[PDB]
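Take a look at this single chain in structure tokens; it is the form deposited in one PDB entry.
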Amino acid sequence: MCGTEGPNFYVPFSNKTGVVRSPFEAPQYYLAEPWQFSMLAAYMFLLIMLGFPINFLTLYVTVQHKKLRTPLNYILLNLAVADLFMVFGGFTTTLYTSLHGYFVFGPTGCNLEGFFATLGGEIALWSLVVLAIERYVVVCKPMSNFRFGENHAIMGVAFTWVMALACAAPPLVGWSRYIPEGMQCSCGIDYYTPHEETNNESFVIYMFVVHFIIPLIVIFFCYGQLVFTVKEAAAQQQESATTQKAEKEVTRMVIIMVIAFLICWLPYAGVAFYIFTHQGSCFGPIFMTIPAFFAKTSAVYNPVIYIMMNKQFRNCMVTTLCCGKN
């Protein structure tokens, strides 16, 4: 008897006291104090104030500067759009519902907010996977006679959408489902209930393999071979100080990006391992939602790492922000 159970939701709180209400009808102030909902709102406000400008500005400086519109940068524009999906589909909606103490948009806004918030995070995840593959192909040159072109970059973007739809769409059709999560103010895939009517268990395994394990392997393989290829070539030209500097900075950026991915990826693995073991105990609204809580920050630091730390993007943004000067 961990929580209270009903049609289209699961409240992580026992109803032996009789105080539990529908997360669509009444505020869930037994899960957390009202000020904790306000701090959830403050967190959403922080993410919106930092997440929209950075991501929208990536799309804006690309319009003003011709040198940014290269095929290898298409996946970064896709990343910026994905974060805006997280910012408006997820963070903005949650800020509004948080101040009500419950998900005021009903069971259908759950499918809406859940889909778009899940889609944005999925598109961002695979955009990092695709960017890893694209850079691997360009540097390591695995294909004998291959040139990365505009059509190849469009496929990579379309591939993220297919993979993101592969995760976000089944819950609408009958494989898993969208229910309020955590403090019941935002919606997402139901990892919290073994709902046999929608075969939730099979969907969690599918998510764990296809959308969790595979992205880590692909990212680790591609960037590993890239750093190996770069260090191998620089070893053949140790007379060039620039090549040695270029090798150092490429390695350092790969380390930064891989550490960044792990910071978002490990909390899910740690919590899941703590649920694989310690399986018996009940779970408050912060058991599996703690990884998701901090993963929202990726909408801010991912553009900082991949776009703001890009050399050309930075100069173009400085020029754009400064009315064209400096």
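Numbering starts at 1 and runs along the sequence shown.
Here the stretch with the larger average CA B-factor, out of 257-265 and 276-284, is 276-284.
Per the PDB record, of the two stretches 141-149 and 216-224, 141-149 carries the greater mean B-factor over its C-alpha atoms.
Of the candidates 186, 111, 243, 92, the PDB record gives 243 the highest C-alpha temperature factor. Ranking 22, 315, 302, 14 by the C-alpha B-factor listed in the PDB entry places 315 at the top. Among all modelled residues in its chain, residue 85 ranks in the middle third by Cα B-factor. Residue 60: CA B factor in the highest third of modelled residues in this chain (values from the PDB entry).
In the PDB entry, residue 290 places in the middle third of its chain by CA B-factor. In the deposited entry, the Cα temperature factor of residue 102 places it in the lowest third of its chain's modelled residues. Per the deposited record, the Cα B-factor of residue 173 falls in the highest third when ranked against the other modelled residues of its chain.
The discussion below concerns the form deposited with a partner chain bound, not included here.
Heavy atoms within 4.5 Å of the partner chain in the bound PDB entry belong, among the stretches 179-187, 246-254, 119-127, 77-85, to residues of 246-254.
The partner chain is not shown here, but in the bound PDB entry it comes within 4.5 Å of a heavy atom of residue 310. Proximity of residue 226 to the partner chain in the bound PDB entry: non-hydrogen atoms within 4.5 Å are present. In the bound PDB entry, none of the heavy atoms of residue 157 sits within 4.5 Å of a heavy atom of the partner chain. Contact check for residue 153: every heavy atom lies farther than 4.5 Å from the partner chain in the bound PDB entry.
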